[PDB]
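Okay, structure first, notes after.
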Amino acid sequence: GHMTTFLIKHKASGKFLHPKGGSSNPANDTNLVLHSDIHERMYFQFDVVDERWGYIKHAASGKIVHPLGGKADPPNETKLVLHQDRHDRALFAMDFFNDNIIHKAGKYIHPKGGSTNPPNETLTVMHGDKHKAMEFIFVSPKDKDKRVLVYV
Amino acid sequence: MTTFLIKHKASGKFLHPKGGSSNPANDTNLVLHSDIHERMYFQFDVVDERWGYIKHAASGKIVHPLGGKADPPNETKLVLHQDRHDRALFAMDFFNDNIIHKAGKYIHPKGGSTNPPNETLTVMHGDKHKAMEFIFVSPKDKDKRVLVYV
Ligand SMILES: OC[C@H]1O[C@H](OC[C@H]2O[C@H](O[C@]3(CO)O[C@H](CO)[C@@H](O)[C@@H]3O)[C@H](O)[C@@H](O)[C@@H]2O)[C@H](O)[C@@H](O)[C@H]1O
Ligand SMILES: OC[C@H]1O[C@H](OC[C@H]2O[C@H](O[C@]3(CO)O[C@H](CO)[C@@H](O)[C@@H]3O)[C@H](O)[C@@H](O)[C@@H]2O)[C@H](O)[C@@H](O)[C@H]1O
Ligand SMILES: OC[C@H]1O[C@H](OC[C@H]2O[C@H](O[C@]3(CO)O[C@H](CO)[C@@H](O)[C@@H]3O)[C@H](O)[C@@H](O)[C@@H]2O)[C@H](O)[C@@H](O)[C@H]1O
Ligand SMILES: [Ca+2]
């Protein structure tokens, strides 16, 4: 009966996850990108569905993060997008102990190409690898260095 | 509801107040035991992001290192105590499956066995290994994990 609001910060670069174009209501299938700007159209919330699993929700639109096409077991390099649909293939967990975002089928959210310092507008993709450039922390919109609990 | 069982992953035993009371006294040891009942249900009261109080549901007492030191040494016994303060802050790491104190040590079965006998004490220890792993499960489905951050 309450969801915190937070920024998803790419730990190595200090950039954040955005809908591409920064819209308050991104069209379905809008890519999830990295970008350095901060504003309320890149705020997110986490809608808990089942223990660790839930929906990464764009605060302004209510659309949530999907592997493009909604496959349950997406291959490496599957693009992440926003979409209004809510179902089990858009379930992720926000690992705030190991600092990563993991999909229910076991791959992680990465910047495409795996750079520690990706350009603005770099796409995000699913990938099974674990390394410093797929780490993310979840921080206050009022203080981008203050971690906040996404599970309440 | 918001209650859960703290299950020792390797043995399937659970965290209990020693003696299984609904109203354990201050400084009652936290032990491992195979039984299940409402007097071994726990809750977690969030204080600051990941940090909070591990709470015995029936009594409201919370988990402390015995003596309440900020940086307790290895083998410090865990107990229940009504006091609230920052040396009783833990985080419930449901990704690595362990319970970590604010100063960085973890809750262990004393002696570190993957199959501790009933009534084995719990202690703080800085090492990480299979036998200090815990998962947090539904009272009505002892194999179903539940979210302790509420
Ligand atoms: O991408 C996340 C989305 O995946 C699934 O929906 C895919 C896509 O289907 C529809 O688009 C069409 C069908 O009209 O299918 C292809 C692309 O797959 C397009 O040529 C065409 O527009 C929907 O209209 C799209 O919005 C949708 O993204 C899945 O069904 C969704 O739940 C969601 O997971
Ligand atoms: O996208 C996330 C993924 O990025 C990195 O892997 C990218 C890509 O690297 C390799 O492809 C090539 C092989 O020639 O290696 C360079 C590095 O990008 C590319 O120019 C070229 O396409 C792998 O063979 C691909 O499978 C891989 O997807 C990073 O290494 C991954 O850990 C991950 O972060
Ligand atoms: O164990 C957790 C508890 O540790 C600290 O309290 C220690 C101890 O204090 C009182 O015990 C006695 C006897 O009444 O009082 C002195 C210290 O004031 C101790 O040497 C002696 O044992 C309490 O009656 C005990 O319950 C308590 O264990 C800390 O102060 C507490 O906040 C709590 O963290
Ligand atoms: Ca749950």
Side-chain angles (χ1 to χ4, degrees), chain A residues 1 3-9 11 43-57 88 91-110 128-132 134-152, chain B residues 1-7 9 14 41-55 86 88-108 126-130 132-150:
Chain A
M3 287 186 306
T4 55
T5 302
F6 53 88
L7 321 178
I8 297 172
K9 181 159 82 162
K11 187 198 283 190
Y43 296 181
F44 285 87
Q45 307 190 306
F46 187 71
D47 193 359
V48 174
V49 175
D50 172 36
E51 192 242 355
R52 73 192 59 212
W53 304 109
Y55 300 136
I56 309 176
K57 176 174 91 43
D88 64 303
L91 288 172
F92 296 80
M94 309 290 278
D95 182 342
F96 54 104
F97 293 92
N98 297 308
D99 295 341
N100 62 57
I101 301 166
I102 189 172
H103 180 257
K104 190 134 181 223
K107 295 174 185 306
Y108 303 95
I109 300 188
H110 287 239
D129 283 2
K130 182 156 114 220
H131 52 58
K132 55 180 176 314
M134 44 72 84
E135 294 177 7
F136 292 90
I137 64 170
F138 321 122
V139 294
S140 175
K142 302 320 179 194
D143 179 354
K144 54 92 169 158
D145 298 307
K146 180 192 205 13
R147 292 170 178 252
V148 302
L149 177 60
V150 305
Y151 275 90
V152 297
Chain B
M1 237 325 182
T2 61
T3 45
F4 53 89
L5 319 179
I6 303 178
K7 188 182 201 182
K9 182 194 290 194
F14 300 94
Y41 297 176
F42 286 80
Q43 291 167 307
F44 184 77
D45 284 349
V46 181
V47 173
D48 172 28
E49 197 241 356
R50 69 194 60 211
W51 301 109
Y53 302 138
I54 309 169
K55 187 170 65 178
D86 284 1
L89 287 170
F90 297 78
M92 308 288 276
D93 177 350
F94 55 104
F95 292 88
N96 297 306
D97 293 342
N98 64 50
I99 302 172
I100 187 170
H101 179 254
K102 192 78 147 69
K105 293 181 185 298
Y106 305 92
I107 300 181
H108 287 230
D127 197 9
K128 177 176 186 310
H129 55 84
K130 179 61 53 175
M132 41 75 75
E133 290 177 15
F134 291 90
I135 66 167
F136 319 126
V137 296
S138 175
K140 68 185 195 180
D141 184 339
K142 72 169 167 68
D143 292 330
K144 174 71 190 88
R145 296 170 181 253
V146 297
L147 176 63
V148 307
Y149 282 89
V150 302

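Proteins come first, then strands; the chains are lettered A, B, ... in the order of their sequence lines, and each starts at number 1. The figures here come from the full heavy-atom set of this structure, side chains too, leaving out hydrogens, waters and symmetry mates.
In this structure, B/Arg50 is positioned above the aromatic face of A/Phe97, its NZ or CZ under 6.0 Å from the six-membered ring centre and within 45° of the axis.
Salt-bridge check for A/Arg147 with B/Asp48: failed, with every basic side-chain N at 4.0 Å or more from each acidic carboxylate O.
Heavy-atom distances place the side chain of B/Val46, and not its backbone, under 4.5 Å from chain A.
The structure places CZ of B/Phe136 at 9.5 Å from CD of A/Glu51, a figure rounded to the nearest 0.5 Å.
Across A/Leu149 and B/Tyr149, no two heavy atoms sit closer than the pair CD2-CD2, 3.6 Å.
Contact count versus chain A (heavy atoms, under 4.5 Å) is highest, among B/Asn96, B/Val148, B/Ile100, for B/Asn96.
Heavy-atom neighbours of A/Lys146 NZ from other residues, nucleotides or ligands within 6.0 Å: at or below the threshold of 12.
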